[PDB]
Amino acid sequence: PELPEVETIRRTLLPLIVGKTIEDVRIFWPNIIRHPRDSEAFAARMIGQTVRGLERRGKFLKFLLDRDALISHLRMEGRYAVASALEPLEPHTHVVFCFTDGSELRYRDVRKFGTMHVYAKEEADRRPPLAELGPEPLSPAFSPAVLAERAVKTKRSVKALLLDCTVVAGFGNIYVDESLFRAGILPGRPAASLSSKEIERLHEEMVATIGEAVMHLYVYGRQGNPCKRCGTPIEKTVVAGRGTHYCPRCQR
DNA sequence: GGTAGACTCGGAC
DNA sequence: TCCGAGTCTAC
Ligand SMILES: [Zn+2]
């Protein structure tokens, strides 16, 4: 799921788990657990804690318990569900948090690609994977000036810059391509080659694109199809190690 | 210390 | 054989 979908999960999952107390934690694929390193320690430490809140940072979900925070990243296909302990599990269920009320929070992932880290709450923001995360794209802390400062300092492409989690939190491939299209900037342009005007416009379109999504596509996945603005066939290439979609006429 | 490469997966191709 | 998010490893 991308940032808007993670926000939807945050909002919808919270009332389904708040105030529930963890009775057991069952782990069927230990490699998902990244901290503590031993999955048995991860399970043991969560027992007896009550869920107090659920926050989002970029695409990370931060489950707030009594003492600990559980930091979860779903990557491309990870999913959470709340359901009865009496019912059979769905396929690809890797971690289950069992509550005292006979309900469960279940983590599934066909790709087995997601991650979980647990730390004392006061520690979580200074440890991986949250340490060094850049500002929320919809926050005043992500500004044209912040973006300009990062862009001038790098040799990388503008696409590479926007995909960098230290620059801006959880701005995914789809939204990078869409924002660059809407701003009229080629993804392969060196970040340092962007004018002040281009940086301002890019910031504006990033906020608009992801803001709209949290509340249709021009380029992403539309290679070979006509651009919706000018009719030129959308092209796809590799930029910053990712499939990258753009209109060669609208973007410069 | 900035930046690329390795690493994790399994469904689609 | 391709893909990819974000951390870890190595130049
Ligand atoms: Zn166009």
Side-chain angles (χ1 to χ4, degrees), chain A residues 1-7 9-10 27-36 38-39 42 56-62 69-78 80 90-95 107-119 123-137 146-148 150-152 154 156-180 187-193 206 210 213 217 219-224 235-246:
Chain A
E2 290 295 343
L3 185 157
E5 296 158 76
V6 177
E7 184 55 36
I9 293 162
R10 188 208 72 71
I27 299 164
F28 311 112
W29 192 252
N31 284 349
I32 301 295
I33 307 318
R34 300 313 187 85
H35 187 277
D38 187 346
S39 60
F42 174 101
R56 181 191 55 74
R57 291 195 66 196
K59 288 184 270 196
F60 295 100
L61 291 164
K62 184 193 274 185
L70 159 72
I71 312 304
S72 169
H73 198 289
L74 298 182
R75 290 295 200 280
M76 301 72 66
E77 283 149 301
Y80 277 110
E90 297 110 330
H92 315 301
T93 299
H94 310 306
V95 184
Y107 175 69
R108 306 173 59 187
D109 190 353
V110 62
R111 204 68 46 194
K112 245 176 226 185
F113 226 53
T115 58
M116 294 179 180
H117 290 76
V118 173
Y119 301 98
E123 197 162 312
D125 290 335
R126 72 181 92 110
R127 299 289 196 207
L130 295 177
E132 310 307 321
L133 190 64
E136 286 298 320
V146 165
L147 188 56
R150 289 302 301 265
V152 293
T154 191
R156 301 142 80 206
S157 69
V158 59
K159 172 144 182 177
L161 181 72
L162 303 186
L163 284 172
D164 185 338
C165 54
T166 70
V167 171
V168 64
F171 212 87
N173 207 38
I174 178 161
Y175 298 121
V176 171
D177 287 3
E178 294 294 309
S179 300
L180 286 169
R189 292 274 303 280
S193 78
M206 285 174 77
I210 213 161
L217 296 169
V219 297
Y220 183 84
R222 295 194 70 251
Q223 62 275 16
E235 298 181 351
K236 180 176 189 195
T237 62
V238 178
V239 174
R242 299 296 183 274
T244 297
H245 308 82
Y246 62 96

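Lettering follows sequence order; numbering is per chain, from 1.
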Separation of atom [atom1] in [X] from atom [atom2] in [N], rounded to whole Å:
X: A/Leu161; N: B/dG2; atom1: CG; atom2: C1'; value: 13 Å
X: A/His73; N: B/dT8; atom1: NE2; atom2: P; value: 18 Å
X: A/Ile32; N: B/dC7; atom1: CD1; atom2: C1'; value: 14 Å
X: A/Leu163; N: B/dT3; atom1: CG; atom2: P; value: 14 Å
X: A/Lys112; N: B/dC7; atom1: NZ; atom2: P; value: 19 Å
X: A/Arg75; N: B/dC9; atom1: CZ; atom2: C1'; value: 11 Å

Taking only N and O in the side chain of A/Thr115, is any of them less than 4.0 Å away from OP1 or OP2 of B/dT8? no
Can you see if the side chain of A/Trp29 gets near the phosphate of B/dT8 - specifically, an N or O under 4.0 Å from OP1 or OP2? no
Less than 4.0 angstrom from a charged side-chain N to a carboxylate O is my criterion; do A/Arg57 and A/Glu136 meet it?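 Between A/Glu136 and A/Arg57 there is no salt bridge, as every charged N stays at least 4.0 Å from the carboxylate O atoms.
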Using distance alone, with no hydrogens and no angle criterion, decide if A/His245 and A/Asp177 have a side-chain donor and acceptor under 3.5 Å apart.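 There is such a pair between these side chains.
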Would you indicate what A/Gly243 reaches in the nucleic acid, counting non-hydrogen atoms under 4.0 angstrom: base, sugar-phosphate, or nothing? sugar-phosphate
Of all nucleotides in DNA chain C with an atom under 4.0 Å from a non-hydrogen atom of chain A, which is the first and which the last going 5' to 3'?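 Span of nucleotides near chain A: C/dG4 to C/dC8.
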I want to check something: taking the side chain as every heavy atom from C-beta on, are A/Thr166 and A/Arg150 in contact at a cut-off of under 4.5 Å?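 They are in side-chain contact.
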Just so I know, are the side chains of A/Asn31 and A/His94 near enough to count as touching, which here means a heavy-atom distance under 4.5 Å?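 The answer is no, as the side chains (C-beta and beyond) never meet within the 4.5 Å cut-off.
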Classify the ring geometry of A/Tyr107 against A/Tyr80: parallel below 30°, tilted from 30° to 60°, perpendicular beyond 60°.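 Judged by the thresholds at 30° and 60°, the geometry between A/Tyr107 and A/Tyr80 is tilted.
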Which one, B/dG11, B/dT3, B/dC9, comes nearest to the side chain of A/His92? B/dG11
Has A/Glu178 got a side-chain atom pairing as donor or acceptor with A/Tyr220's backbone, closer than 3.5 angstrom? yes
